[PDB]
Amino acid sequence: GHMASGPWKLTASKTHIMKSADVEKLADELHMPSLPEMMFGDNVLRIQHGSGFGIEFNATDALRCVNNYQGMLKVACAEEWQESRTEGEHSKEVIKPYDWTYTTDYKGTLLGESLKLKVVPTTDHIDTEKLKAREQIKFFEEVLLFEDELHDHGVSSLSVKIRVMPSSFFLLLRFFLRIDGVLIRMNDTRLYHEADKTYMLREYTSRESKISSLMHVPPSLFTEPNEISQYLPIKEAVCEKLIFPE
């Protein structure tokens, strides 16, 4: 719900999934055939400073990062689940087919009417020695953003959770994708802040592996993101500083 500590205000909304009428409408806006079966459009995890600036994590902004419908599946598929109004577009990026997997490289939504966090590159990494350090967790919360079962072929889910310590907090946004017998993909966004500092660290990693390369691993781990992660090669890794405004 609401958690306060000085100038920081933490907000967590957990409600029912989006209704059909609002799903089709939003899907049309984002130029997608549909949304994940379980679309928690009213859910959020929000971190906000008294100054106004902050960062939040919601399902809608996450879906904006997903490759939308290009009209290529008409060639790739004998029959489609649903059609879609093809997206206007295009960027200078190579056109790739929609894949119904809802893969997203979303890293959170920056908040602020005027004052706002500035995203800058950094050579810093989130120090795991600080993460492994065990102070008492003052506040903990986990929020589900969306989930889909890929027409019973696996799972695609986006969730976010946060640890609040006496003088720091640590957040993990995780996109997890498993296509049964095919592949496992995991996009993690880690957010760290120390009380004294005037910045946050945000470390993004994208991992993925074909299941054929994971056959030495106990199959039970395929349904456990925390355990399977170490077996997945990192294909993209970015670390940025989120500088506090003056």
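Start at 1 with the first residue shown and count on from there.
- Between 34-42 and 50-58, the higher mean Cα B-factor belongs to 50-58.
- Relative to one another, 144-152 and 125-133 have unequal mean CA B-factors, and 125-133 is the one with the higher figure.
- Split the chain's modelled residues into thirds by C-alpha temperature factor. Residue 112 is in the highest one.
- Residue-level temperature factors show residue 216 in the middle third of its chain, judged at the C-alpha atom.
- In the PDB entry, a CA B factor belonging to the middle third of its chain's modelled residues is recorded for residue 194.
- In the deposited entry, the Cα temperature factor of residue 99 sits in the bottom third of values across the chain's modelled residues.
- In the PDB entry, residue 80 places in the middle third of its chain by CA B-factor.
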